[PDB]
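Read the single chain below, which is given as C-alpha cells and is the form deposited in one PDB entry.
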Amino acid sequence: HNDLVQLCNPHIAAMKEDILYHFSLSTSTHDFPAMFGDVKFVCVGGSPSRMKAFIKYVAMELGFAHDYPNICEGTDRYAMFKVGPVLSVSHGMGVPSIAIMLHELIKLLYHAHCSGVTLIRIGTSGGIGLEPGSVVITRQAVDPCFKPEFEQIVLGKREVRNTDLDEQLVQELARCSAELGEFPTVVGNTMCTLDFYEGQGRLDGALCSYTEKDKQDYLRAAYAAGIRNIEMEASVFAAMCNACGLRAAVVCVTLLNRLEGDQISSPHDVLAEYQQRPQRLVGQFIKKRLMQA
C-alpha cells in the first residue's frame, strides 16, 4: 500500500490558486492529477542536461523507447521531464536552490494526489579516500562539524531538523549497484556545505587563508567521522523529505579524491562517464521496483 503525499502547511488547502513560480506551473492553468498522478519515482540532480539525459536513459531501459518535452518550458529556473512513472527534475547548485525546488515539487506531488513516491538525488561530489568515480550512497547527510543536522532560520530563529536517510533504501540501493557490478559503491556519510571552495577545504578559490596541511587535517577528521564524500545539497534534501515523511536517498558519484586535490582535471570523457554512474544505479533500482509485485 502506497501512502498519499502530505504537506506540513495547512495554508495550501485554503488558496484559490497555487502558483509554482519557479516551475512556471499553476493549479489554475495545469491539471496536476492528469499530469503527475501516476509519478512514483522522482529523480533530482543539478544539471538540466544531465536530467534530460537521465530521462532518455530511463526510457530505453523500461522499454518506453521509440522526444521529451521540458515540462518547465515557461522558465529557465529548473528543468522537468516525465516518462511513465518517472519524473526527472533539475535543481541547480546549493541548498537554497534545491530547497526552492523541493517546496514546489512536494506541493506539485501533493496537488497531483501522488502516492508511494520515492525521491532520489543523483549528483556529484568530492570523495574522501576513494578512487575517483566511486559512487557513495549516503546514510547520513551531515553538516561541516559532522553532525547529522540541518539548521534553518525561520523568522530569525534557529530551527534544527534531523538529516538521516531511510536505512532500508540505502541497503536496497547498494544491492542494485552490486547487481550491475560496473563501478565501486560504498555507503558512507556525506558532508553538505554552503561553499564549494573555502567551504570544502579547497586551496583553489579566490580566497583562502589556510594551508595544505590544514586542509588535510580537516579532511582526515571528516574521514574518521565516517564521511566519504562532500557536496552541497544532501542536507536540506534529507531534512525536507524527513519533515514530510517521503522515502528518500542520495546517490552521488565522486569526481576526484579530495585527499589528492581540489581541481577537477579528469578529461571530459571520463567526467561524463562518471556522471552516467548514479543514473545507471538508479535506473537499476527503478527497473527492479517495476519488475516486482
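For every residue, the number given is its place in the sequence shown, counted from 1. We call the rigid core whatever largest set of C-alpha positions still superposes within 1.5 Å between the two forms.
Same protein, other form: the form deposited in another entry, not shown, and the subject of what follows.
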query	finding
Which of 115, 171, 75, 152 is displaced between the shown form and the other one by 2 angstroms or more at its C-alpha, rigid core aligned	75
Displaced residue check between the shown form and the other one: residue 266, CA, 2 Å or over, core reference	yes
Comparison of CA distance in the other form with shown form for residue 17, residue 74, at least 3 Å	farther
